[PDB]
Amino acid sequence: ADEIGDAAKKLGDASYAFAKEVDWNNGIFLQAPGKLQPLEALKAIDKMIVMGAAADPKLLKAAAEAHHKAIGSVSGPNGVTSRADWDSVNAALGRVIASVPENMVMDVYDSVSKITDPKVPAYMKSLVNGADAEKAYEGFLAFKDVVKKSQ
């Protein structure tokens, strides 16, 4: 057990209503988030590959295993995993993020932002309960503060 695990449980209280509202079977998530821009996108994927190579390999393995278990508990019409497996996934991903230098995490976020159309966040929020999305985001801000303190 660890502090990220405890934090993931609070994050799940704040964000699982939102995860139940996303239609994870929507084909939109295959599309580029805006205009396809292969050279910029490759720049972003390069930042994620650098980060994956820096991350703790045991924690990457645990995060993959958490996703395989989460796929097993998908139910209902939106393809949402169980509450427990949602928390499991979030904690495992928090641990990975805490295992790499903060610059490498920020380089991913900045490089993905560069290819994401400014309309995309509002479009996604429009598909769910806006108050539940805001609740989930405030959850995330609290969770990443625990992540940074392990990092």
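Numbering starts at 1 and follows the sequence shown.
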Looking only at CA atoms, which has the higher mean B factor in the entry: 34-42 or 115-123? 34-42
2-10 set against 142-150, stretch whose average Cα temperature factor tops the other in the entry: 142-150
Of the choices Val100, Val50, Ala70, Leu93, which one's C-alpha carries the largest B-factor in the record? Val100
Chain third (lowest, middle, highest) by recorded CA B-factor, residue given as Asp87: middle
Relative C-alpha B-factor of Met104, binned into the chain's lowest, middle or highest third: highest
Based on the entry's values, in what third of the chain does the Cα temperature factor of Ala54 lie: lowest, middle or highest? highest
Quick check for you: using the entry's CA B-factors within this chain, is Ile28 in the lowest, middle or highest third? highest
Third of the chain, ranked by Cα B-factor, where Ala19 sits: highest
